[PDB]
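One structure below.
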Amino acid sequence: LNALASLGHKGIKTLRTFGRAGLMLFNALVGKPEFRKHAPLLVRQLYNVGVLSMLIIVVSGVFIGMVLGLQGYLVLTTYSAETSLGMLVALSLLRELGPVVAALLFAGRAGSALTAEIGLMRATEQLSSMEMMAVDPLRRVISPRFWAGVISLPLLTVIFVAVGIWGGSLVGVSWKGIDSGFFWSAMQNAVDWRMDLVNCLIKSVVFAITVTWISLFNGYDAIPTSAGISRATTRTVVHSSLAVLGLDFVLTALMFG
Amino acid sequence: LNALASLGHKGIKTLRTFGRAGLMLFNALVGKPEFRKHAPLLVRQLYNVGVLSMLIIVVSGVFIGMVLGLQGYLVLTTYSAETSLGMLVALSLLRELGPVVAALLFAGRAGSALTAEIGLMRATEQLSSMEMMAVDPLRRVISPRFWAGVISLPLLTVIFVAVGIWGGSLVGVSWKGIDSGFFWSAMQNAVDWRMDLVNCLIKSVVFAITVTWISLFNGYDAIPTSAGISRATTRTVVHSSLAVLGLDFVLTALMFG
Amino acid sequence: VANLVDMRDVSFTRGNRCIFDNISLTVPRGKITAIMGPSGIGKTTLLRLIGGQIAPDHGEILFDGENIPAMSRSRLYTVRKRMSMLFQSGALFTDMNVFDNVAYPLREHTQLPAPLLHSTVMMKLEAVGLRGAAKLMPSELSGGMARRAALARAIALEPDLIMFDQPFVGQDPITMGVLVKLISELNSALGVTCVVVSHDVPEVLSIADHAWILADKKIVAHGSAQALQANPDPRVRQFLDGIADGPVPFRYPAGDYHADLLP
Amino acid sequence: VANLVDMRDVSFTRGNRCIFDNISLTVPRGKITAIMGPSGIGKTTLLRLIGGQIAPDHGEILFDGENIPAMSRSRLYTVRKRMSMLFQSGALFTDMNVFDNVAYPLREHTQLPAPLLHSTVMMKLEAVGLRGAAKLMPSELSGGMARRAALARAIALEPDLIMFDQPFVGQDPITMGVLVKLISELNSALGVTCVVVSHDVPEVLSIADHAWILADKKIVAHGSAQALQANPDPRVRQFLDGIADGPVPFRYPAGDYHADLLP
Amino acid sequence: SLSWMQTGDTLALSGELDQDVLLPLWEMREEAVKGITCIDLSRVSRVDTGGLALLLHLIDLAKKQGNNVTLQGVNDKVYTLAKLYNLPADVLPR
Amino acid sequence: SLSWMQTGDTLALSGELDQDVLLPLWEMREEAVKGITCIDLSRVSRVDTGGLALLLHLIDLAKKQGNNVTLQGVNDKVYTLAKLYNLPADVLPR
Ligand SMILES: Nc1ncnc2c1ncn2[C@@H]1O[C@H](COP(=O)(O)OP(=O)(O)OP(=O)(O)O)[C@@H](O)[C@H]1O
Ligand SMILES: Nc1ncnc2c1ncn2[C@@H]1O[C@H](COP(=O)(O)OP(=O)(O)OP(=O)(O)O)[C@@H](O)[C@H]1O
């Protein structure tokens, strides 16, 4: 009974949750178009999701590029190998630390702010009065928030990389006196356009669809009580950033193995 | 006029915000004690803040320990220096990547969940009906949430480190076949108890007081409207994790320079 | 079609409880129809079945000849341009002041010009009396003023059906002296079908043309005011006035008792 | 001291607007006192000044001999064990069902045993009639039931002062037939000082001992039901009944005309 | 279907003054206000607020570059919709 | 100050049956229900709901291991507080 049925009870309830989240997105994207009422609304959500998150990625992009330059130099300088520091900074970022750490910092700021907003909008009766005015809430609220999230992440990755590469080029070339020509020339013929640059672009788009979907669904199907929204915000950061670290292992076994 | 007075207007308003946040904490902590009504409430908030955040730190602790083992091995193995891999994994974590990356993942999950909760509690009239029942909201809501946040971070750091060190000991010793004795013996006499272990404990406590204070204040003095809580949640993750990366540079110039 | 909203044989279930056994009501086209009953009986649930926000179990809800639960998602929001609704709690957009709040449903469905969308809603804020409060955000309105701002948003478009839901509560008797005249002079001047749900038995009975009183499972009585004044004797005239016993006046279907008091 | 709440000369300002010019009212100890007036005049602001949630500008508010704005933070929550308050919108704890919601203010200030905290609040849910709804969470109550659950939480402790704030709204006239008797049989049986703020001029005038009517800036009239009825001729008897002009019946202090209509 | 044309000295209207179809007359509000002495309003079915807010503008453009205008042929449905919205005797001449 | 002691065959009470001071009598509810025929209630000032919910228990422990109990000396303040809470003739014998 209890070990047998209650695991059947509590696993079927997950099969409704996957079905409630799929039916939400099909009714949000696949719709009757409007290109001069959603396009002013896309500029607002491209500002809210992206632009306010641009300060946290610039400042935390320089830092993680620096500590791979500091701790990368001190362990390499005994063998007189500091002219291969750029092959460590600009390959940790372009392969793994770029698409992943810029995803966990996106699911934190933008992932919680979308779930705590549509959750509180549902509790302060602004989704019941909007749908009782012949205005679709899945086309007004969810639809310009999905497209502004699948756009803001692959652009925030290349700002995280290009200051991380420059951040390692500040303690390499300038602070610790590695040569200005041997540093960059050893980085250039180790980075290929197909294996290291496009395969970072493919990683960011898959993480953008994943993070934005879980962030809007947990803020739509949330209990509107006090702790209902506080444990839908926790449910966003954990579930959508385990699917980053779960999909990254699958993708890094396919694109680099 | 406009360039002169409006920067005086909008800078004085920050001097009230620093004063509103200081007066909040003095009235929350400094109070008339109660050790059998706050102690059952501390166990709830130690569960909500800490235990639900323990899965995101374990899984993301193994990953960042692995990529410093993968990209640390491939750049070191040409000089036959792979027996000094542990001095790179267990010194990136114990010095910088431990107290900082486990702080940005704390300000994401626990930092937003505290601000989106006390914000929505204020908007659904549960802080006005609590203070009109001779029950102090700064001693019931803020006070067991501050002490359960200054405790859950220095314990979540040493779980982030001890799986990051083990994560680099999985691709070092087991997967890439570095020797089981030369790996650990080169890590042991490079880690000192005063410079690398206590100075990681001091870093985590300072980040715990900083993150928890900003997370409760932005969820107390928030506008209770729809976008008032969504831009107090954004204001939490940006401001409290710039004070991580701002205090880290000051502390790493004092404890390691 | 001869009457706007027709309910054939509607049933409902909130998990375990059984409200709406076999109700069947009709709303004529262009006449104020009242809906009354005890507290917690499902009057707001009756208005939400018509809008399609919840679905019945056993009947058809015919809005102007077509069925509501047999309607797809893209057709439901085409039909919902015909019916507005006042909510019980105000429920207005908190990030948007009153003049941009009344002007919201006719900025979506009417292609009116800019000095005509400013002259239309500056009249709608004079009907309820809330002009001069066209710049306050809806966190500095009072709470009886936040219904008069949400009453202008229910009549801003002039749709074919308006479903009021306690409009007269929290108002002094010089303001609900003119809010009762606004609803009586809207169907008399524009032909708008109203549905009034309230607990003020002298107010809305003076203006409605076909009232309805609800009881435990289904309808108890219904006819024009006069014809519904004392002519149904046993269960009506206990609800309209009186304190003592009839069929289940109040006190939600409680369990035993003593077992409740004594441990 | 001879009367509970005394206001010397209170003033208030919501940024720019001037409500409460020079009001001065008194509340006797153990008698129901009404407070009435037009909409948006500041009746809920009058109750929030007494509780200390906002501060006046020009006066003392003497709760039983001591001043409210001259009171520190640790002394204010010691005095606030004497006054409860019903809120306008229900405003009850949404993560906590009704039986754990009524039993909340007397789990903090009374050291009652476990089968006595279960027998006390199982009576409080029988006074309003909401027993058997002791297991529903407060997201599946109706909205007229969410005031009868927040009315039991205002009388759960039996404090020295209860400040009701529209308790009679959204109730059928067989339930506000017994909610008016509950407040009239609480100060008659326990000696509890009530402060009733409402817009039902036949209901609360039948039970109050010293009513108060508010006007534009200050008090307009006061007197027992009879002394305050027919007595004050010009501005009272326009508010109690009537539609036409007196001193500012409604219509919030709007700006100029035309220029609002014409661009 | 809002149909309109003046009789040479009197702006006659026809149809309904709805919010669905109004823009054919809002565009041509310049050649149809000057030289008019009275709005006929004879066979218009009903007037909404998206047709009564126009009439407070269509009178105003005719008051300034023309004869002071008068009204004709109401249903007492644009009068009970005028004391409801509290319109003075300036904007609508009863 | 709730003061109480039986007269030998009748449980007399004194004081007020408040919620502030009640636990001196809730602990001793075992030796003061058996062998009692009537609750005197003579000089108690007032009864609250934290003193009336006790009385529905202090009667019940005296009904089962003793004589069926009766009441004495009310103020018609524990009767208007009894028809208010709708207490039947089982829990309180009027
Ligand atoms: N999730 C829910 N939300 C609202 N009501 C629910 C829910 N689940 C069950 N119910 C029940 O459905 C009924 C809805 O009735 P309704 O809210 O229309 O009462 P009402 O007529 O508005 O009464 P009142 O006017 O006194 O508020 C209530 O009795 C309530 O107990
Ligand atoms: N932040 C604010 N919150 C509430 N009211 C505000 C605020 N700022 C200004 N006000 C003004 O203060 C007044 C408060 O009055 P109050 O809310 O007591 O009216 P009321 O007597 O409750 O009227 P009603 O009973 O019709 O709701 C309102 O007129 C409102 O315009």
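As shown in the structure tokens, the chain order sets the letters A, B, ...; within each chain, residues go from 1, and ligands are also counted from 1 in the order they appear.
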
For chain A against chain C, which residues fall within 12 Å using only C-alpha atoms, given as a PyMOL selection string?
chain A and resi 23+26-28+30-32+37+120-139

Filtering to N, CA and C atoms, could you give me those residues as a PDB file, in the first residue's frame?
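Result saved to result_14.pdb:
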ATOM      1  N   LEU A  23       1.485  22.775 -22.095  1.00  0.00           N
ATOM      2  CA  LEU A  23       0.279  23.423 -22.597  1.00  0.00           C
ATOM      3  C   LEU A  23       0.327  24.925 -22.380  1.00  0.00           C
ATOM      4  N   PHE A  26       2.597  26.236 -25.509  1.00  0.00           N
ATOM      5  CA  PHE A  26       1.960  26.121 -26.813  1.00  0.00           C
ATOM      6  C   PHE A  26       0.896  27.189 -26.988  1.00  0.00           C
ATOM      7  N   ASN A  27       0.228  27.557 -25.898  1.00  0.00           N
ATOM      8  CA  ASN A  27      -0.770  28.614 -25.957  1.00  0.00           C
ATOM      9  C   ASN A  27      -0.157  30.000 -25.867  1.00  0.00           C
ATOM     10  N   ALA A  28       1.114  30.107 -25.484  1.00  0.00           N
ATOM     11  CA  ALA A  28       1.763  31.407 -25.378  1.00  0.00           C
ATOM     12  C   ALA A  28       2.436  31.816 -26.681  1.00  0.00           C
ATOM     13  N   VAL A  30       2.444  29.935 -29.932  1.00  0.00           N
ATOM     14  CA  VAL A  30       1.673  29.653 -31.139  1.00  0.00           C
ATOM     15  C   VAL A  30       0.378  30.443 -31.055  1.00  0.00           C
ATOM     16  N   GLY A  31       0.343  31.588 -31.725  1.00  0.00           N
ATOM     17  CA  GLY A  31      -0.795  32.464 -31.580  1.00  0.00           C
ATOM     18  C   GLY A  31      -0.978  33.374 -32.772  1.00  0.00           C
ATOM     19  N   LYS A  32      -2.063  34.114 -32.716  1.00  0.00           N
ATOM     20  CA  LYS A  32      -2.458  34.996 -33.794  1.00  0.00           C
ATOM     21  C   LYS A  32      -1.675  36.301 -33.680  1.00  0.00           C
ATOM     22  N   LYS A  37       1.992  45.822 -31.149  1.00  0.00           N
ATOM     23  CA  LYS A  37       1.511  45.905 -29.779  1.00  0.00           C
ATOM     24  C   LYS A  37       2.385  45.058 -28.869  1.00  0.00           C
ATOM     25  N   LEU A 120       3.340  37.219  -7.882  1.00  0.00           N
ATOM     26  CA  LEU A 120       2.656  38.271  -7.139  1.00  0.00           C
ATOM     27  C   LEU A 120       1.574  38.952  -7.971  1.00  0.00           C
ATOM     28  N   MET A 121       1.743  38.990  -9.291  1.00  0.00           N
ATOM     29  CA  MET A 121       0.689  39.469 -10.179  1.00  0.00           C
ATOM     30  C   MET A 121      -0.539  38.572 -10.113  1.00  0.00           C
ATOM     31  N   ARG A 122      -0.331  37.279  -9.896  1.00  0.00           N
ATOM     32  CA  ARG A 122      -1.437  36.341  -9.781  1.00  0.00           C
ATOM     33  C   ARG A 122      -2.123  36.448  -8.429  1.00  0.00           C
ATOM     34  N   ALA A 123      -1.398  36.877  -7.399  1.00  0.00           N
ATOM     35  CA  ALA A 123      -1.960  36.960  -6.057  1.00  0.00           C
ATOM     36  C   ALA A 123      -2.637  38.290  -5.780  1.00  0.00           C
ATOM     37  N   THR A 124      -2.249  39.350  -6.482  1.00  0.00           N
ATOM     38  CA  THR A 124      -2.865  40.660  -6.336  1.00  0.00           C
ATOM     39  C   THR A 124      -3.939  40.882  -7.406  1.00  0.00           C
ATOM     40  N   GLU A 125      -4.514  39.788  -7.922  1.00  0.00           N
ATOM     41  CA  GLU A 125      -5.713  39.770  -8.762  1.00  0.00           C
ATOM     42  C   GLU A 125      -5.535  40.527 -10.078  1.00  0.00           C
ATOM     43  N   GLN A 126      -4.298  40.661 -10.553  1.00  0.00           N
ATOM     44  CA  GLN A 126      -4.043  41.348 -11.813  1.00  0.00           C
ATOM     45  C   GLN A 126      -3.968  40.394 -12.993  1.00  0.00           C
ATOM     46  N   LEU A 127      -4.112  39.096 -12.756  1.00  0.00           N
ATOM     47  CA  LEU A 127      -4.241  38.156 -13.860  1.00  0.00           C
ATOM     48  C   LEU A 127      -5.677  37.690 -14.033  1.00  0.00           C
ATOM     49  N   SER A 128      -6.522  37.914 -13.027  1.00  0.00           N
ATOM     50  CA  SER A 128      -7.937  37.593 -13.167  1.00  0.00           C
ATOM     51  C   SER A 128      -8.690  38.746 -13.811  1.00  0.00           C
ATOM     52  N   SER A 129      -8.277  39.982 -13.523  1.00  0.00           N
ATOM     53  CA  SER A 129      -8.934  41.133 -14.130  1.00  0.00           C
ATOM     54  C   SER A 129      -8.413  41.395 -15.534  1.00  0.00           C
ATOM     55  N   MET A 130      -7.258  40.830 -15.881  1.00  0.00           N
ATOM     56  CA  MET A 130      -6.755  40.987 -17.237  1.00  0.00           C
ATOM     57  C   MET A 130      -7.408  39.988 -18.175  1.00  0.00           C
ATOM     58  N   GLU A 131      -7.647  38.765 -17.706  1.00  0.00           N
ATOM     59  CA  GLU A 131      -8.292  37.778 -18.560  1.00  0.00           C
ATOM     60  C   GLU A 131      -9.792  37.977 -18.646  1.00  0.00           C
ATOM     61  N   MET A 132     -10.367  38.812 -17.784  1.00  0.00           N
ATOM     62  CA  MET A 132     -11.782  39.152 -17.848  1.00  0.00           C
ATOM     63  C   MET A 132     -11.968  40.492 -18.546  1.00  0.00           C
ATOM     64  N   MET A 133     -11.098  40.770 -19.510  1.00  0.00           N
ATOM     65  CA  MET A 133     -11.166  41.993 -20.296  1.00  0.00           C
ATOM     66  C   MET A 133     -10.858  41.666 -21.751  1.00  0.00           C
ATOM     67  N   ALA A 134     -11.034  40.383 -22.088  1.00  0.00           N
ATOM     68  CA  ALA A 134     -10.713  39.780 -23.379  1.00  0.00           C
ATOM     69  C   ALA A 134      -9.270  40.042 -23.777  1.00  0.00           C
ATOM     70  N   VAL A 135      -8.364  39.913 -22.817  1.00  0.00           N
ATOM     71  CA  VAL A 135      -6.935  40.099 -23.025  1.00  0.00           C
ATOM     72  C   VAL A 135      -6.254  38.835 -22.522  1.00  0.00           C
ATOM     73  N   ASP A 136      -5.618  38.103 -23.423  1.00  0.00           N
ATOM     74  CA  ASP A 136      -4.984  36.833 -23.085  1.00  0.00           C
ATOM     75  C   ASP A 136      -3.769  37.068 -22.198  1.00  0.00           C
ATOM     76  N   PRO A 137      -3.714  36.496 -20.993  1.00  0.00           N
ATOM     77  CA  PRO A 137      -2.524  36.690 -20.155  1.00  0.00           C
ATOM     78  C   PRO A 137      -1.312  35.919 -20.635  1.00  0.00           C
ATOM     79  N   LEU A 138      -1.501  34.840 -21.389  1.00  0.00           N
ATOM     80  CA  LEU A 138      -0.361  34.080 -21.883  1.00  0.00           C
ATOM     81  C   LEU A 138       0.203  34.699 -23.152  1.00  0.00           C
ATOM     82  N   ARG A 139      -0.497  35.669 -23.723  1.00  0.00           N
ATOM     83  CA  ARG A 139       0.038  36.376 -24.873  1.00  0.00           C
ATOM     84  C   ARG A 139       0.509  37.771 -24.507  1.00  0.00           C
TER      85      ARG A 139
END

Could you please extract the residues within 7 Å of ligand 2, counting only C-alpha atoms and all ligand atoms, and hand them back as a VMD selection string?
(chain C and resid 139 to 145 170 to 171) or (chain D and resid 14 38 to 46)

Taking the chain letters and numbering used in this document, name the residues of stretch 6-248 of chain D that DSSP puts in strand (DSSP E or B), as a PyMOL selection string.
chain D and resi 6-7+10-14+17-23+26-28+33-36+61-63+66-67+83-85+161-163+193-197+211-214+219-223

Please provide the set of residues having any atom within 7 Å of stretch 2-7 of chain C, restricted to only C-alpha atoms, with same-chain residues fewer than 4 positions apart removed, written as a list in words.
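Contacts, with the query itself left out: residues 24, 25, 26, 27, 28, 29, 60, 61, 62, 63 and 64 of chain C.
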
Store the residues picked out above in a file with N, CA and C atoms, as a tab-separated table (two decimals), in the first residue's frame.
chain	number	residue	atom	x	y	z
C	24	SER	N	-31.22	26.44	-13.13
C	24	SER	CA	-31.54	26.78	-14.51
C	24	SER	C	-32.15	28.17	-14.51
C	25	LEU	N	-31.37	29.17	-14.91
C	25	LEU	CA	-31.86	30.54	-14.94
C	25	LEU	C	-31.65	31.13	-16.32
C	26	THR	N	-32.40	32.19	-16.61
C	26	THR	CA	-32.31	32.89	-17.87
C	26	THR	C	-32.17	34.38	-17.60
C	27	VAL	N	-31.45	35.07	-18.48
C	27	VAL	CA	-31.25	36.50	-18.41
C	27	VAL	C	-31.81	37.12	-19.68
C	28	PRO	N	-32.82	37.98	-19.62
C	28	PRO	CA	-33.35	38.59	-20.84
C	28	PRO	C	-32.40	39.64	-21.38
C	29	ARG	N	-32.65	40.03	-22.63
C	29	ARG	CA	-31.77	40.95	-23.35
C	29	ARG	C	-32.21	42.38	-23.08
C	60	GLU	N	-25.20	23.19	-20.31
C	60	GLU	CA	-24.75	24.18	-21.27
C	60	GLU	C	-25.07	25.57	-20.75
C	61	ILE	N	-24.15	26.50	-20.97
C	61	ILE	CA	-24.34	27.90	-20.65
C	61	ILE	C	-24.38	28.66	-21.96
C	62	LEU	N	-25.57	29.02	-22.41
C	62	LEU	CA	-25.78	29.57	-23.74
C	62	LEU	C	-25.70	31.09	-23.68
C	63	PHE	N	-24.55	31.64	-24.05
C	63	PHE	CA	-24.39	33.09	-24.19
C	63	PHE	C	-24.74	33.45	-25.62
C	64	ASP	N	-25.95	33.98	-25.82
C	64	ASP	CA	-26.45	34.48	-27.11
C	64	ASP	C	-26.45	33.38	-28.17

Enumerate, as a PyMOL selection string, the complete set of residues in stretch 2-238 of chain B that a backbone-based DSSP assignment places in helix (DSSP H, G or I).
chain B and resi 2-29+39-49+51-74+77-79+82-84+86-123+128-131+137-140+143-175+182-188+193-217+226-238

Atom CA of residue B:256 to atom CA of residue A:63, distance in Å rounded to a single decimal:
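Computed distance, atom CA of residue B:256 to atom CA of residue A:63, equals 16.2 Å.
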
Could you list, with a cut-off of 12 Å and counting only C-alpha atoms and all ligand atoms, the residues of chain C near ligand 1, each shown with its nearest atom pair and the distance in Å rounded to one decimal, rows sorted by chain and ascending number, as a Markdown table?
| residue | atom | partner | partner_atom_place_in_ligand_line | distance |
| --- | --- | --- | --- | --- |
| C:12 | CA | ligand 1 | 12 (O) | 9.6 |
| C:13 | CA | ligand 1 | 9 (C) | 8.4 |
| C:14 | CA | ligand 1 | 9 (C) | 5.0 |
| C:15 | CA | ligand 1 | 9 (C) | 7.7 |
| C:16 | CA | ligand 1 | 9 (C) | 9.0 |
| C:17 | CA | ligand 1 | 9 (C) | 7.8 |
| C:18 | CA | ligand 1 | 12 (O) | 9.4 |
| C:19 | CA | ligand 1 | 12 (O) | 7.7 |
| C:20 | CA | ligand 1 | 13 (C) | 10.3 |
| C:35 | CA | ligand 1 | 21 (O) | 9.6 |
| C:36 | CA | ligand 1 | 21 (O) | 8.2 |
| C:37 | CA | ligand 1 | 21 (O) | 7.1 |
| C:38 | CA | ligand 1 | 21 (O) | 6.9 |
| C:39 | CA | ligand 1 | 26 (O) | 3.6 |
| C:40 | CA | ligand 1 | 19 (O) | 3.5 |
| C:41 | CA | ligand 1 | 21 (O) | 4.9 |
| C:42 | CA | ligand 1 | 18 (O) | 3.2 |
| C:43 | CA | ligand 1 | 21 (O) | 3.8 |
| C:44 | CA | ligand 1 | 18 (O) | 3.5 |
| C:45 | CA | ligand 1 | 18 (O) | 4.6 |
| C:46 | CA | ligand 1 | 18 (O) | 6.8 |
| C:47 | CA | ligand 1 | 18 (O) | 8.2 |
| C:48 | CA | ligand 1 | 18 (O) | 8.9 |
| C:49 | CA | ligand 1 | 18 (O) | 10.8 |
| C:54 | CA | ligand 1 | 1 (N) | 11.0 |
| C:87 | CA | ligand 1 | 22 (O) | 10.6 |
| C:88 | CA | ligand 1 | 22 (O) | 8.2 |
| C:89 | CA | ligand 1 | 27 (O) | 10.5 |
| C:165 | CA | ligand 1 | 22 (O) | 8.5 |
| C:166 | CA | ligand 1 | 25 (O) | 7.8 |
| C:167 | CA | ligand 1 | 25 (O) | 11.5 |
| C:169 | CA | ligand 1 | 25 (O) | 10.7 |
| C:197 | CA | ligand 1 | 21 (O) | 8.5 |
| C:198 | CA | ligand 1 | 25 (O) | 7.6 |
| C:199 | CA | ligand 1 | 25 (O) | 7.5 |
| C:200 | CA | ligand 1 | 25 (O) | 11.2 |
| C:213 | CA | ligand 1 | 21 (O) | 11.3 |
| C:214 | CA | ligand 1 | 21 (O) | 9.5 |
| C:215 | CA | ligand 1 | 21 (O) | 11.0 |
| C:216 | CA | ligand 1 | 29 (O) | 11.0 |
| C:217 | CA | ligand 1 | 29 (O) | 11.9 |
| C:250 | CA | ligand 1 | 26 (O) | 10.2 |
| C:251 | CA | ligand 1 | 29 (O) | 11.3 |
| C:252 | CA | ligand 1 | 29 (O) | 8.3 |
| C:253 | CA | ligand 1 | 29 (O) | 10.2 |

As a PyMOL selection string, please: the residues near residue A:58 (cut-off 12 Å, only C-alpha atoms, same-chain neighbours under 3 positions excluded).
(chain A and resi 51-55+61-65+102+105+156-167) or (chain B and resi 238+242+245)

Expected file contents, prior selection, N, CA, C and O atoms, as a compact mmCIF listing (two decimals), in the first residue's frame:
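The resulting part_11.txt:
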# COMPACT_ATOMS: atom_id res chain seq x y z
N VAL A 51 19.24 44.42 -19.46
CA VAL A 51 20.10 45.59 -19.23
C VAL A 51 20.43 45.76 -17.75
O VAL A 51 21.55 46.13 -17.39
N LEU A 52 19.48 45.45 -16.87
CA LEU A 52 19.76 45.53 -15.44
C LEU A 52 20.69 44.40 -15.00
O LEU A 52 21.36 44.49 -13.97
N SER A 53 20.75 43.32 -15.80
CA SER A 53 21.62 42.20 -15.48
C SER A 53 23.00 42.37 -16.12
O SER A 53 23.83 41.46 -16.05
N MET A 54 23.24 43.50 -16.77
CA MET A 54 24.49 43.67 -17.50
C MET A 54 25.61 44.12 -16.57
O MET A 54 26.79 43.98 -16.90
N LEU A 55 25.25 44.68 -15.42
CA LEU A 55 26.28 45.12 -14.48
C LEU A 55 26.82 43.94 -13.68
O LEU A 55 27.98 43.94 -13.27
N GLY A 61 32.46 39.01 -14.55
CA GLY A 61 33.21 38.43 -15.65
C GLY A 61 34.70 38.72 -15.54
O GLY A 61 35.53 37.89 -15.91
N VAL A 62 35.04 39.90 -15.04
CA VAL A 62 36.43 40.31 -14.88
C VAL A 62 37.07 39.53 -13.74
O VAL A 62 38.25 39.16 -13.81
N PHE A 63 36.29 39.24 -12.70
CA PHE A 63 36.82 38.57 -11.52
C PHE A 63 37.24 37.14 -11.81
O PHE A 63 38.33 36.72 -11.42
N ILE A 64 36.38 36.37 -12.48
CA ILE A 64 36.68 34.96 -12.70
C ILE A 64 37.69 34.80 -13.83
O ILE A 64 38.28 33.73 -14.02
N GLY A 65 37.91 35.86 -14.59
CA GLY A 65 39.00 35.86 -15.54
C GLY A 65 40.31 36.21 -14.88
O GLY A 65 41.38 35.88 -15.38
N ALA A 102 27.59 32.02 -16.58
CA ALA A 102 26.71 33.09 -17.01
C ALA A 102 25.27 32.61 -17.11
O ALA A 102 24.36 33.40 -17.38
N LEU A 105 24.15 32.81 -13.12
CA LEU A 105 23.95 34.20 -12.72
C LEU A 105 22.75 34.80 -13.45
O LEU A 105 22.29 35.89 -13.11
N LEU A 156 24.57 37.97 -23.35
CA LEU A 156 25.24 38.16 -22.07
C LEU A 156 26.36 37.17 -21.85
O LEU A 156 27.20 37.38 -20.97
N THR A 157 26.39 36.09 -22.62
CA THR A 157 27.53 35.18 -22.57
C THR A 157 28.76 35.83 -23.19
O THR A 157 29.84 35.83 -22.59
N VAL A 158 28.61 36.43 -24.38
CA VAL A 158 29.77 36.98 -25.07
C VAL A 158 30.27 38.26 -24.44
O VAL A 158 31.35 38.73 -24.78
N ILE A 159 29.49 38.88 -23.55
CA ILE A 159 30.05 39.92 -22.69
C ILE A 159 30.74 39.31 -21.48
O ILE A 159 31.72 39.87 -20.98
N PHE A 160 30.29 38.14 -21.02
CA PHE A 160 30.98 37.47 -19.92
C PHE A 160 32.32 36.91 -20.37
O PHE A 160 33.27 36.88 -19.59
N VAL A 161 32.40 36.45 -21.62
CA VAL A 161 33.65 35.89 -22.13
C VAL A 161 34.65 37.00 -22.43
O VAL A 161 35.80 36.96 -21.99
N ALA A 162 34.21 38.03 -23.16
CA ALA A 162 35.12 39.04 -23.68
C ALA A 162 35.68 39.96 -22.61
O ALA A 162 36.62 40.70 -22.89
N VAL A 163 35.11 39.99 -21.41
CA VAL A 163 35.80 40.62 -20.29
C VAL A 163 36.54 39.60 -19.44
O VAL A 163 37.41 39.99 -18.65
N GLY A 164 36.25 38.31 -19.60
CA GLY A 164 36.99 37.30 -18.88
C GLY A 164 38.31 37.04 -19.56
O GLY A 164 39.32 36.80 -18.89
N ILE A 165 38.31 37.07 -20.89
CA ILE A 165 39.54 36.98 -21.65
C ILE A 165 40.39 38.23 -21.42
O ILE A 165 41.61 38.14 -21.21
N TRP A 166 39.76 39.40 -21.41
CA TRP A 166 40.47 40.63 -21.09
C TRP A 166 40.89 40.68 -19.63
O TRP A 166 41.93 41.26 -19.31
N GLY A 167 40.11 40.07 -18.74
CA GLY A 167 40.49 40.04 -17.34
C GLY A 167 41.74 39.22 -17.09
O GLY A 167 42.57 39.58 -16.25
N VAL B 238 21.74 42.18 -7.38
CA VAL B 238 22.81 43.03 -7.89
C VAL B 238 23.58 43.69 -6.75
O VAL B 238 24.81 43.59 -6.70
N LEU B 242 27.38 42.69 -5.56
CA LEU B 242 28.49 43.60 -5.84
C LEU B 242 29.27 43.87 -4.57
O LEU B 242 30.47 44.17 -4.61
N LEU B 245 31.78 41.04 -4.37
CA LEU B 245 32.95 41.20 -5.23
C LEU B 245 33.70 42.49 -4.91
O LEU B 245 34.84 42.67 -5.34

Select from chain F every residue with an atom at most 10 Å from any atom of chain D, then for each give the shortest pair of atoms and their distance in Å to one decimal, using only C-alpha atoms, rows by chain and rising number, as CSV.
residue,atom,partner,partner_atom,distance
F:19,CA,D:110,CA,6.5
F:20,CA,D:110,CA,6.7
F:21,CA,D:111,CA,9.1
F:22,CA,D:112,CA,8.1
F:23,CA,D:112,CA,7.8
F:26,CA,D:113,CA,8.5
F:46,CA,D:190,CA,7.6
F:47,CA,D:190,CA,8.0
F:48,CA,D:190,CA,7.3
F:49,CA,D:120,CA,6.1
F:50,CA,D:120,CA,6.4
F:51,CA,D:120,CA,9.1
F:52,CA,D:120,CA,8.4
F:53,CA,D:120,CA,5.9
F:54,CA,D:116,CA,7.0
F:56,CA,D:119,CA,9.0
F:57,CA,D:116,CA,9.0
F:75,CA,D:189,CA,9.7
F:76,CA,D:189,CA,8.5
F:77,CA,D:189,CA,5.3
F:78,CA,D:189,CA,7.9
F:79,CA,D:189,CA,9.1
F:80,CA,D:189,CA,6.8
F:81,CA,D:189,CA,6.6
F:83,CA,D:127,CA,9.5
F:84,CA,D:127,CA,6.4
F:85,CA,D:127,CA,5.1
F:86,CA,D:126,CA,7.3
F:87,CA,D:123,CA,8.8
